[PDB]
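As a starting point, one isolated chain is supplied in structure tokens, in the form deposited in one PDB entry.
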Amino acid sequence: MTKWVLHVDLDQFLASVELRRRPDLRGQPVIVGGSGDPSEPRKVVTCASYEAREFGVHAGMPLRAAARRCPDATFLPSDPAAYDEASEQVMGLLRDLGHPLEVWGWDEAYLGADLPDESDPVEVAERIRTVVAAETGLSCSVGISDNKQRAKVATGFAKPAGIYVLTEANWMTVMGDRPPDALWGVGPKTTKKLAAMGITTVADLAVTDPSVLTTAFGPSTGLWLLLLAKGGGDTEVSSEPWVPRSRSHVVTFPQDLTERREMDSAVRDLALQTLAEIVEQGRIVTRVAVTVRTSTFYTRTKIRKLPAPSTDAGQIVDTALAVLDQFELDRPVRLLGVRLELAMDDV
């Protein structure tokens, strides 16, 4: 018996969804962003089709930037209702396969297949591609390995519309020259710190003395990085309801903000908006965090724990309005954010 982990990632997801209802736009540059107006400032690309990516457009890029880089791209507004519906369909469809299925956000899922040892993980991956293509119209890629992090890395190589197998057999030969941030979990900061320790590749980190890392990163993070560099990872595909820990709404305003009357009303509204949504989900708030960001793009957040789990609107808005009070100035605030942390204990 061979335990496989398959990572299923829908290609160009938001674009592909748009493509189902604009099938004339296939093989053309399509950019999905804040409101379909590229001229609109303070807005960014949410998803760039593969054709738009050939001109350098990528998620995070301001839409003005991307229209300069790709003037013939069709810009479409974000339509979250249509993406929730596309997502639940394809997943709902992948539950119908009878393997354990772990869903990660919207596009992506992990599938646990224990295969007799007669069978072919490549074989299962194509079916998933064929059924997904045939029933939803969307295209997916599948990375295959024996643990979640390495399967995800395999998806990187499987894209677009493909399948890639990444195991102990080929991990180090495929990945050993890559910089540490190619690993899932590792970003530019860690890379930079590892660079300052003489570790500039996956292969270097894999043979790095445990002590160096556990002194530098903590006795659990240090060993985890070593695990990751050797291609290790989580191996259990948990098929259970994901329970959110928090919900949050931030907003960067069309105009910079200076007078506090606006600032208070925004954090009040964010607080209430957030709280109704979690009241709908049968959740209780534990702590209220407020975020401010200046014209600098400075950015700092503050949290306060409620005296007791609560759902009380007045007590929560006041806490949010009280935490906003601590932030120093009444500058040009670019962005205001409220996150509610939720109880994790019972229902």
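We number the residues from 1 along the sequence you see.
Participant: Which of the two stretches, 119-127 or 184-192, shows the higher mean Cα temperature factor in the record?
Facilitator: Higher mean C-alpha B-factor in the PDB entry: 119-127.
Participant: So, looking at the entry's B-factor column for Cα atoms, which has the higher mean, 249-257 or 75-83?
Facilitator: The recorded data point to 249-257.
Participant: Of the options 224, 110, 106, 171, which has the highest CA B factor as deposited?
Facilitator: By C-alpha B-factor in the record, 106 ranks first.
Participant: For the listed 201, 265, 147, 141, which has the peak Cα B-factor recorded in the PDB entry?
Facilitator: Answer for 201, 265, 147, 141: 265, with the highest C-alpha B-factor.
Participant: Lowest, middle or highest third: where is residue 220 by C-alpha B factor in its chain?
Facilitator: Residue 220: CA B-factor falls in the middle third of its chain.
Participant: Grab the CA temperature factor for residue 343 from the record and place it in the lowest, middle or highest third of its chain.
Facilitator: Middle third, going by the recorded CA B-factors of the chain.
Participant: According to the PDB entry, is the CA B factor of residue 95 in the bottom, middle or top third of its chain, that is, lowest, middle or highest?
Facilitator: Answer is highest: the recorded C-alpha B-factor places it there.
Participant: If you rank the chain by CA B-factor, which third does residue 177 end up in: lowest, middle or highest?
Facilitator: For residue 177, the deposited C-alpha B-factor lands in the middle third.
Participant: Would you check the entry's CA temperature factor for residue 155 and let me know if it's in the chain's lowest, middle or highest third?
Facilitator: For residue 155, the deposited C-alpha B-factor lands in the lowest third.
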